[PDB]
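For reference, query29.cif (mmCIF, C-alpha atoms and all ligand atoms):
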```cif
data_query
#
loop_
_atom_site.label_atom_id
_atom_site.label_comp_id
_atom_site.auth_asym_id
_atom_site.auth_seq_id
_atom_site.Cartn_x
_atom_site.Cartn_y
_atom_site.Cartn_z
CA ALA A 1 0.00 0.00 0.00
CA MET A 2 1.04 3.70 0.12
CA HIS A 3 2.52 3.18 -3.38
CA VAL A 4 0.10 5.56 -5.12
CA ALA A 5 -0.16 9.33 -4.48
CA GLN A 6 -3.29 11.26 -5.46
CA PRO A 7 -4.94 14.48 -4.18
CA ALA A 8 -8.06 13.82 -2.07
CA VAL A 9 -9.76 16.82 -3.66
CA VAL A 10 -9.21 19.30 -6.47
CA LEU A 11 -10.18 22.97 -6.72
CA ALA A 12 -11.49 23.96 -10.18
CA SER A 13 -11.50 27.43 -11.80
CA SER A 14 -14.75 29.32 -12.54
CA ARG A 15 -14.65 28.08 -16.17
CA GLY A 16 -14.57 24.51 -14.78
CA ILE A 17 -10.90 23.52 -15.21
CA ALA A 18 -10.09 20.69 -12.76
CA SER A 19 -6.57 19.31 -13.19
CA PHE A 20 -4.63 16.98 -10.86
CA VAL A 21 -1.90 14.32 -11.12
CA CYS A 22 -2.21 10.78 -9.70
CA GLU A 23 1.23 9.10 -9.54
CA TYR A 24 1.70 5.31 -9.48
CA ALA A 25 4.44 2.73 -8.81
CA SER A 26 5.65 -0.01 -11.19
CA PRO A 27 8.45 -2.62 -11.10
CA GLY A 28 9.91 -1.08 -14.30
CA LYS A 29 9.09 0.96 -17.44
CA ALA A 30 6.88 -0.50 -20.20
CA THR A 31 5.00 0.65 -23.34
CA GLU A 32 1.56 0.05 -21.84
CA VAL A 33 0.23 1.80 -18.72
CA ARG A 34 -3.58 1.75 -19.08
CA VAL A 35 -5.13 4.58 -17.07
CA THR A 36 -8.84 5.10 -16.31
CA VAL A 37 -10.91 7.97 -14.87
CA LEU A 38 -14.27 7.12 -13.21
CA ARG A 39 -17.10 9.25 -11.79
CA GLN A 40 -18.78 8.00 -8.60
CA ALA A 41 -22.42 8.78 -7.82
CA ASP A 42 -24.72 7.84 -4.91
CA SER A 43 -26.99 5.84 -7.26
CA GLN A 44 -24.17 4.22 -9.30
CA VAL A 45 -20.63 4.69 -10.73
CA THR A 46 -19.84 4.83 -14.50
CA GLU A 47 -16.69 4.88 -16.69
CA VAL A 48 -15.51 8.13 -18.31
CA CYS A 49 -12.03 8.48 -19.93
CA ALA A 50 -9.48 5.71 -20.62
CA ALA A 51 -6.23 5.33 -22.62
CA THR A 52 -2.87 3.48 -22.58
CA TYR A 53 -0.01 5.63 -21.28
CA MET A 54 2.60 4.52 -23.78
CA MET A 55 5.94 6.02 -22.73
CA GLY A 56 6.59 6.86 -26.42
CA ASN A 57 3.02 8.02 -27.27
CA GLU A 58 0.05 10.08 -25.98
CA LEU A 59 -3.19 8.84 -24.33
CA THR A 60 -6.18 8.45 -26.68
CA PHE A 61 -9.56 9.59 -25.26
CA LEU A 62 -11.65 8.97 -28.42
CA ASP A 63 -14.23 6.97 -26.41
CA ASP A 64 -16.16 9.12 -23.87
CA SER A 65 -13.70 11.99 -24.50
CA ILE A 66 -14.95 15.28 -22.86
CA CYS A 67 -11.54 15.25 -21.08
CA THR A 68 -7.81 15.67 -21.72
CA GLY A 69 -4.95 13.92 -19.89
CA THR A 70 -1.15 13.76 -19.97
CA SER A 71 1.42 11.32 -18.56
CA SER A 72 5.09 11.93 -17.60
CA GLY A 73 7.56 9.68 -15.72
CA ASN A 74 5.52 7.97 -12.97
CA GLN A 75 2.91 10.78 -12.67
CA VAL A 76 -0.26 10.90 -14.82
CA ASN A 77 -1.91 14.35 -15.20
CA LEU A 78 -5.69 14.51 -15.90
CA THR A 79 -7.40 17.84 -16.78
CA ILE A 80 -11.20 18.37 -16.90
CA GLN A 81 -12.84 21.38 -18.59
CA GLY A 82 -16.57 22.09 -18.30
CA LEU A 83 -17.60 21.04 -14.77
CA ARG A 84 -21.14 22.21 -13.91
CA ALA A 85 -22.66 21.94 -10.39
CA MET A 86 -23.85 18.41 -11.21
CA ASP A 87 -20.51 17.42 -12.83
CA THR A 88 -18.66 18.12 -9.53
CA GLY A 89 -17.98 14.82 -7.75
CA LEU A 90 -15.30 12.09 -7.49
CA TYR A 91 -12.81 11.15 -10.23
CA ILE A 92 -10.77 7.91 -9.86
CA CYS A 93 -7.24 7.84 -11.31
CA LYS A 94 -6.51 4.23 -12.37
CA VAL A 95 -3.17 2.70 -13.40
CA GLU A 96 -3.15 -0.81 -14.90
CA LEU A 97 -0.42 -2.49 -16.96
CA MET A 98 -3.16 -4.43 -18.68
CA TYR A 99 -1.46 -5.24 -22.03
CA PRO A 100 1.78 -6.80 -20.62
CA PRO A 101 1.37 -10.21 -18.61
CA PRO A 102 0.92 -10.81 -16.20
CA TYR A 103 -0.70 -7.31 -15.36
CA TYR A 104 -0.12 -6.13 -11.77
CA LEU A 105 -0.58 -2.64 -10.40
CA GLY A 106 -3.07 -0.49 -8.38
CA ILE A 107 -5.86 2.10 -8.76
CA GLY A 108 -6.31 5.52 -7.09
CA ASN A 109 -9.15 5.78 -4.54
CA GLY A 110 -10.35 8.96 -6.28
CA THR A 111 -10.06 12.75 -6.04
CA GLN A 112 -13.14 14.90 -5.46
CA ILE A 113 -13.27 17.77 -8.00
CA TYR A 114 -14.68 21.06 -6.56
CA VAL A 115 -15.95 23.98 -8.68
CA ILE A 116 -17.09 27.56 -8.06
CA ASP A 117 -20.46 29.00 -9.20
CA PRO A 118 -20.01 32.59 -10.48
CA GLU A 119 -22.88 35.05 -9.89
CA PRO A 120 -23.80 38.23 -11.84
CA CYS A 121 -24.56 39.95 -8.48
CA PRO A 122 -22.21 40.79 -5.59
CA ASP A 123 -24.47 38.75 -3.25
CA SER A 124 -26.97 35.86 -3.51
CA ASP A 125 -29.67 37.58 -1.37
CA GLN A 126 -31.68 38.32 -4.55
CA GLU A 127 -31.85 36.52 -7.94
CA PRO A 128 -29.81 33.56 -6.60
CA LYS A 129 -28.56 30.99 -9.15
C1 LIG B 201 -0.93 19.02 -16.04
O1 LIG B 201 0.08 19.21 -17.03
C2 LIG B 201 -0.19 20.35 -17.86
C3 LIG B 201 0.91 20.40 -18.90
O2 LIG B 201 0.55 19.58 -20.04
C4 LIG B 201 0.58 20.22 -21.30
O3 LIG B 201 -0.61 19.97 -22.01
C5 LIG B 201 -0.99 18.58 -21.98
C6 LIG B 201 -2.30 18.45 -22.73
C7 LIG B 201 0.13 17.73 -22.60
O4 LIG B 201 0.10 17.89 -24.01
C8 LIG B 201 1.53 18.12 -22.08
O5 LIG B 201 2.53 17.50 -22.89
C9 LIG B 201 1.72 19.64 -22.10
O6 LIG B 201 2.97 19.99 -21.52
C10 LIG B 201 -0.24 21.63 -17.02
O7 LIG B 201 -0.56 22.81 -17.81
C11 LIG B 201 -1.14 22.69 -19.06
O8 LIG B 201 -0.31 23.37 -20.00
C12 LIG B 201 -0.79 23.26 -21.36
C13 LIG B 201 0.24 23.96 -22.22
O9 LIG B 201 0.21 25.37 -22.03
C14 LIG B 201 -2.19 23.87 -21.49
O10 LIG B 201 -2.73 23.57 -22.80
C15 LIG B 201 -2.23 24.27 -23.88
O11 LIG B 201 -3.28 25.08 -24.40
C16 LIG B 201 -2.86 25.88 -25.52
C17 LIG B 201 -4.02 26.78 -25.89
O12 LIG B 201 -4.58 26.43 -27.15
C18 LIG B 201 -2.40 24.98 -26.67
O13 LIG B 201 -1.90 25.78 -27.74
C19 LIG B 201 -1.30 24.03 -26.20
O14 LIG B 201 -1.01 23.10 -27.23
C20 LIG B 201 -1.75 23.28 -24.95
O15 LIG B 201 -2.80 22.39 -25.27
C21 LIG B 201 -3.14 23.29 -20.44
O16 LIG B 201 -4.36 24.03 -20.44
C22 LIG B 201 -2.53 23.32 -19.04
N1 LIG B 201 -3.39 22.61 -18.12
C23 LIG B 201 -4.34 23.25 -17.49
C24 LIG B 201 -3.92 24.23 -16.41
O17 LIG B 201 -5.51 23.05 -17.75
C25 LIG B 201 -1.24 21.50 -15.88
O18 LIG B 201 -1.13 22.61 -15.01
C26 LIG B 201 -0.99 20.21 -15.09
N2 LIG B 201 -2.04 20.02 -14.12
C27 LIG B 201 -1.86 20.38 -12.88
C28 LIG B 201 -2.76 21.46 -12.32
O19 LIG B 201 -0.99 19.86 -12.19
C1 LIG B 202 -9.12 2.67 -2.34
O1 LIG B 202 -8.31 1.76 -1.60
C2 LIG B 202 -9.08 0.75 -0.91
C3 LIG B 202 -8.09 -0.13 -0.17
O2 LIG B 202 -8.78 -1.27 0.40
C4 LIG B 202 -7.96 -2.41 0.51
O3 LIG B 202 -7.37 -2.66 -0.76
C5 LIG B 202 -6.50 -3.81 -0.78
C6 LIG B 202 -6.04 -3.99 -2.21
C7 LIG B 202 -5.34 -3.59 0.19
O4 LIG B 202 -4.52 -2.53 -0.29
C8 LIG B 202 -5.85 -3.25 1.58
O5 LIG B 202 -4.75 -2.90 2.41
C9 LIG B 202 -6.82 -2.08 1.50
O6 LIG B 202 -7.35 -1.82 2.80
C10 LIG B 202 -9.92 -0.06 -1.90
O7 LIG B 202 -10.79 -0.94 -1.17
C11 LIG B 202 -10.64 -2.29 -1.39
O8 LIG B 202 -11.11 -2.57 -2.71
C12 LIG B 202 -10.97 -3.96 -3.06
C13 LIG B 202 -11.42 -4.10 -4.51
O9 LIG B 202 -11.15 -2.92 -5.25
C14 LIG B 202 -11.79 -4.83 -2.12
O10 LIG B 202 -11.58 -6.22 -2.44
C15 LIG B 202 -12.71 -7.03 -2.41
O11 LIG B 202 -12.38 -8.21 -1.66
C16 LIG B 202 -13.50 -9.11 -1.55
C17 LIG B 202 -13.05 -10.26 -0.67
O12 LIG B 202 -13.27 -9.97 0.70
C18 LIG B 202 -13.94 -9.58 -2.93
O13 LIG B 202 -15.09 -10.40 -2.81
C19 LIG B 202 -14.26 -8.39 -3.83
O14 LIG B 202 -14.52 -8.84 -5.15
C20 LIG B 202 -13.10 -7.40 -3.84
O15 LIG B 202 -11.99 -7.99 -4.50
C21 LIG B 202 -11.41 -4.57 -0.67
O16 LIG B 202 -12.30 -5.26 0.19
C22 LIG B 202 -11.45 -3.08 -0.36
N1 LIG B 202 -10.91 -2.85 0.96
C23 LIG B 202 -11.22 -1.76 1.62
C24 LIG B 202 -10.39 -1.46 2.85
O17 LIG B 202 -12.13 -1.04 1.26
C25 LIG B 202 -10.75 0.84 -2.80
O18 LIG B 202 -11.36 0.07 -3.82
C26 LIG B 202 -9.88 1.93 -3.42
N2 LIG B 202 -10.71 2.84 -4.17
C27 LIG B 202 -11.01 2.59 -5.42
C28 LIG B 202 -9.85 2.49 -6.41
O19 LIG B 202 -12.16 2.44 -5.78
#
```

How does the structure come out when it is put into structure tokens?
Amino acid sequence: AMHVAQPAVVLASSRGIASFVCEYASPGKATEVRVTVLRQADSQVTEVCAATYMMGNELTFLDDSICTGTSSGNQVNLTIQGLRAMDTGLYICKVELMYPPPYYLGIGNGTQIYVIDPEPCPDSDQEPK
């Protein structure tokens, strides 16, 4: 245990930019480090972004994109843009050497992404939103 570092929460900008880096630990360097980002909800949890961190290539988020992520050394950086009040929640950083056998690593418990709601008025006493 204690071989995976990830922020428990993440502060997002007003636009909705939530970016954090979940590092992982491996016995060596390989071409395939499958990463996964999940969103947890009280009713159920669903998959979101996923790609193979190839040390000589970039992650592909063609399926369920709506997100951008980077990977360097042993730290994977995930950035989210467009987080509404409902979008705010938990994001799980996953790290799995799934392609090479015989696959053995760990997943991140998850970082909560926080966002700020801008208001056209100096206070919410009237016309709150
Ligand atoms: C996570 O790491 C990024 C740095 O990653 C940069 O962008 C990634 C998508 C990868 O391609 C990396 O190879 C690249 O170095 C930290 O900052 C990020 O910097 C980039 C570069 O300035 C920002 O995106 C750029 O946007 C311009 C505008 O069109 C483009 O021209 C560039 O091609 C590039 O896409 C990116 O917005 C920025 N991330 C943020 C703040 O959203 C980032 O800070 C770090 N995360 C944290 C907070 O640790
Ligand atoms: C955040 O981390 C916790 C850590 O929980 C235990 O995880 C194991 C691997 C070990 O490190 C131990 O020291 C930790 O306390 C994750 O919670 C654990 O999750 C696993 C599955 O992901 C659970 O295993 C289950 O085991 C039962 C057998 O009793 C099987 O029937 C199930 O199929 C399953 O394999 C384990 O019970 C959980 N333990 C705890 C303490 O909760 C947690 O999943 C992770 N967050 C993420 C990535 O979602």

Do a neighbour search on region 4-12 of chain A at 8 Å with all atoms listed in the file, toss out local chain neighbours closer than 5 positions, and write the hits as a PyMOL selection string.
chain A and resi 17-25+93+106-108+110-116

Could you give me the axis-aligned bounding box of region 64-83 of chain A, with 5 Å of padding per side, as centre plus edge lengths in Å to one decimal, as JSON?
```
{"center_x": -5.0, "center_y": 15.0, "center_z": -18.6, "size_x": 35.2, "size_y": 24.1, "size_z": 21.8}
```

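Picture a line from atom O4 of ligand LIG 202 (chain B) to CA of residue 96 (chain A); it runs 14.8 Å.
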
Excluding same-chain residues fewer than 3 positions from residue 62 (chain A), what lies within 9 Å of it counting only C-alpha atoms, as a count of residues only?
4

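Reported to one decimal place, the separation of CA of residue 95 (chain A) from atom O6 of ligand LIG 202 (chain B) is 17.3 Å.
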
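For the set A:119, A:109, A:67, A:56, the residue with the smallest atom-to-atom gap to residue 92 (chain A) is A:109, counting only C-alpha atoms.
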
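Note that atom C18 of ligand LIG 202 (chain B) and CA of residue 44 (chain A) are 18.3 Å apart.
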